[PDB]
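For neighbour counting, all protein chains shown are included, and Cβ atoms are generated from backbone atoms with ideal geometry for every residue, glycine included. Just so it is clear, none of the values below were taken in a lab; they were calculated from the coordinates.
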Amino acid sequence: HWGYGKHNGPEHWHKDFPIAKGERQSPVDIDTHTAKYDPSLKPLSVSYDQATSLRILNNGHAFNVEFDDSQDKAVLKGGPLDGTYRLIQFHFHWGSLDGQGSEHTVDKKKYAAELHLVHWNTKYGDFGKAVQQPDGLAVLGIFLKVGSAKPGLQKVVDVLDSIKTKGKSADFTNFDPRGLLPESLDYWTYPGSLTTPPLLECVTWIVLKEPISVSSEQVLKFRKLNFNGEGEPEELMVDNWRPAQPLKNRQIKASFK
Ligand SMILES: CC(=O)Nc1nnc(S(N)(=O)=O)s1
Ligand SMILES: [Zn+2]
């Protein structure tokens with residue numbers, strides 16, 4: 001019964017998922033002055049030309065856009081990664097106000113939302129096996145700030161009305177995720193976890209330095225979604241973000257000076 005409420009929120013998760021108090025939990029605050037520039041880090045290789053989106057679903061916590069990951073169609077390579085990682089889904093995290101919504105923070109600064117592009121290491125055969133490994137997933141995090149509209153995001157925004165409640169899904173084909181990327185691919189990277197239960201510590205996080213801009217109207221439509229299922233009391237899907245966790249024995253590395 002976990003969620004983002006006062007009676008089932010992040011502060012409570014540890015009761016069902018003890019790893020919540022683990023050594024490599026996410027998200028975290030990225031202190032730009034203590035981050036270490038690593039010249040050995042290679043540029044990111046994002047190959048989304050052949051991406052095949054299939055649907056969009058409201059899972060009661062966020063909305064996910066799912067892709068066909070039965071072959072190497074949309075993959076992430078390079079950067080701090082060893083091997084090929086396939087894109088399986090993307091989702092966002094957002095707030096009830098423009099001043100909050102992101103999971104990671106930069107020098108304590110919070111963004112309006114955060115986009116997560118989830119990929120799994122193909123050496124493990126399937127997603128379920130990948131999450132059990134320390135190098136099983138790679139999540140690309142992109143911050144969203146409110147300003148000018150993002151044309152490439154409008155297609156997602158327009159279909160939200162069709163998946164307002166938990167459990168609803170809609171066909172969502174031919175969506176090109178390349179339209180959601182910023183101009184630069186400079187990033188920070190650190191070993192972490194999933195930010196929602198089971199909170200497994202199987203993620204190599206890659207957080208882009210350059211945020212993308214979205215309009216107030218676009219983010220407002222995110223806030224119209226529901227955590228609840230149809231026929232149940234309406235609870236607006238807002239503030240579905242986990243606060244920063246202690247860095248502990250970890251070092252954040254930057255690909256840029
Ligand atoms: C099936 C799946 O993708 N689960 C995830 N759980 N948490 C994720 S996150 N918030 O770290 O990107 S992805
Ligand atoms: Zn996420």
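Report relative contact order for the chain in percent, whole number only (criteria: Cα-Cα under 8 Å, sequence separation at least 6). That works out to 27 percent.
Counting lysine pairs in region 1-101 that sit 8 or more residues apart in sequence, or on different chains, and whose Cα atoms lie under 24 Å apart gives 5.
Here region 123-140 and region 178-257 have alpha carbon centers that stand 18 Å from each other.
The H on the amide N of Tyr187, modeled in the peptide plane, is under 5 Å from the matching H of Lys209, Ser255, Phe256, each at least 5 residues off or on a different chain.
Annotation: amide H of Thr84 within the under-5 Å range of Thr122, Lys123, sequence separation 5 or more or interchain, hydrogens built in the peptide plane.
Between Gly78, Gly22, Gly125, the Gaussian network model of the chain with springs among Cα atoms under 10 angstrom shows the greatest mean-square fluctuation at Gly125. Taking a straight Cα-Cα cut-off under 17 Å and skipping sequence neighbours fewer than 8 places away in the same chain, the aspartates and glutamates within cross-link reach of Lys109 are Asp29, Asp31, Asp98, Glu210, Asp239. Taking each DSSP H run with n ≥ 4 as -39500 (n - 2.57) and averaging over every residue of the chain yields -1500 deg cm²/dmol at 222 nm. Can you tell me which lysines have their Cα less than 21 Å from the Cα of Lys168? Leave out same-chain residues fewer than eight positions away. Cα-Cα hits under 21 Å: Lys155, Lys221, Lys224. Each of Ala138, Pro246, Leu199 was scored by the projection of its Cα onto the charge dipole of the chain, and the greatest displacement toward the positive side belongs to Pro246; charges sit on the C-beta of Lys, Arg, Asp and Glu.
Most simply put, the chain has about 80% antiparallel DSSP beta bridges, counting only bridges with both residues inside it.
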